[PDB]
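Here is how the chains run, residue by residue.
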Number of protein chains: 2
Amino acid sequence: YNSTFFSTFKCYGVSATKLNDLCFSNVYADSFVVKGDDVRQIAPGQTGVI
Amino acid sequence: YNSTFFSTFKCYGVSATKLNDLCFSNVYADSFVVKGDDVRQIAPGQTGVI
Ligand SMILES: CCCCC/C=C\C/C=C\CCCCCCCC(=O)O
Ligand SMILES: CCCCC/C=C\C/C=C\CCCCCCCC(=O)O
Ligand SMILES: *[C@@H]1O[C@H](CO)[C@@H](O)[C@H](O)[C@H]1NC(C)=O
Ligand SMILES: *[C@@H]1O[C@H](CO)[C@@H](O)[C@H](O)[C@H]1NC(C)=O
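Residues numbered from 1 in each chain as written, not as in the entry; some residues may be left out. Chains lettered and ligands numbered in written order. Part of a larger assembly, values for the part shown. Heavy atoms only, no water.

Regarding the site of ligand 2
This is how the line gets drawn: Near is defined per residue: the residue qualifies when any heavy atom it owns lies within 4 Å of the molecule or strand. Here a polar contact is recorded for every N or O atom pair within 3.5 Å, except that within protein the pair must consist of a potential hydrogen donor and a potential acceptor, and residues adjacent in sequence are included only if both atoms are side-chain atoms.
All residues adjacent to ligand 2 are B:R40, B:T47 and B:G48. Measuring from an oxygen atom of ligand 2, one finds a side-chain N or O atom of B:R40 at 3.5 Å.

Here's the deal with the environment of B:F6
The criterion, for reference: Each residue is assigned to one of three classes by its accessible area relative to the maximum for its type, calculated with a 1.4 Å probe on protein chains only: buried under 20%, partly exposed between the two thresholds, exposed over 50%. Any pair of residues with heavy atoms lying within 4.5 Å of one another is described as a contacting pair.
Accessibility expressed as a relative area gives 53% for B:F6, which makes it exposed. Placed 41 residues apart in sequence, B:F6 and B:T47 show a C-alpha to C-alpha distance of 24 Å. The contact partners of B:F6, leaving out residues within four places of it in the chain, are A:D37 and A:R40.

Let's talk about the relation of the copies chain B and chain A
For the pair of chain copies, the relating operation is a rotation around an axis with a shift along it. Short version of the rule: The way the copies are matched up is a least-squares superposition on C-alpha atoms.
The transform that puts chain B on chain A rotates by 120 degrees and translates by 0.0 Å along the axis, for an RMSD of 0.0 Å. Each copy turns onto its partner about a three-fold axis.

Regarding the packing of aromatic side chains
Filter applied, for reference: To pair, rings of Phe, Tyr and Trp, with the six-membered ring standing in for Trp, must have centres within 6.5 Å; the planes then decide the type, stacked if under 30 degrees apart, edge-to-face if over 60, and tilted in the middle. Criterion for a charge above a ring: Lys NZ or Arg CZ within 6 Å of the ring centre, and within 35 degrees of the ring normal.
Counted according to the given criterion, the structure contains zero aromatic pairs over all chains. Sitting over the face of the ring of B:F5, A:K35 holds its NZ or CZ atom 3.5 Å from the ring centroid.

Limitation: the analysis is restricted to geometry and does not speak to function.
What follows is the structure, given as structure tokens:
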């Protein structure tokens, strides 16, 4: 909350307000870089080049 | 996918991932130009000047 801010942050399968009350089993992080018009394509059930 | 890119693309009545497996009956295309704050108004169940 002091330094880093996100333009989009959307989660599926769990509400955000409960993220501090849980514990997570098999955590993986995928990283890449896209353009601005492709950020909407990183979602379930989407079409496009990405 | 080579030349033209869309900032918003949202469809209603059919999932996007099935658009290559179907055939369409009565296809019409409406064209116009708006400002940036009015693109959100082109949707079902919306209010505003547009
Ligand atoms: C101009 C005539 C078009 C006729 C189309 C007929 C039926 C609709 C089916 C597919 C059109 C979807 C276009 C979306 C292009 C991909 C968007 C993206 O880059 O993610
Ligand atoms: C300042 C006092 C407002 C009191 C309003 C009372 C009830 C709410 C009902 C209508 C307010 C909706 C305002 C939206 C303006 C249109 C937005 C647009 O341009 O699309
Ligand atoms: C938050 O960031 C500022 C900027 O450097 C820093 O001075 C401050 O100590 C930070 N706060 C904490 C709790 O680290
Ligand atoms: C895609 O666009 C580039 C830019 O002009 C062009 O060189 C290339 O041949 C195009 N690809 C196809 C398959 O048309």
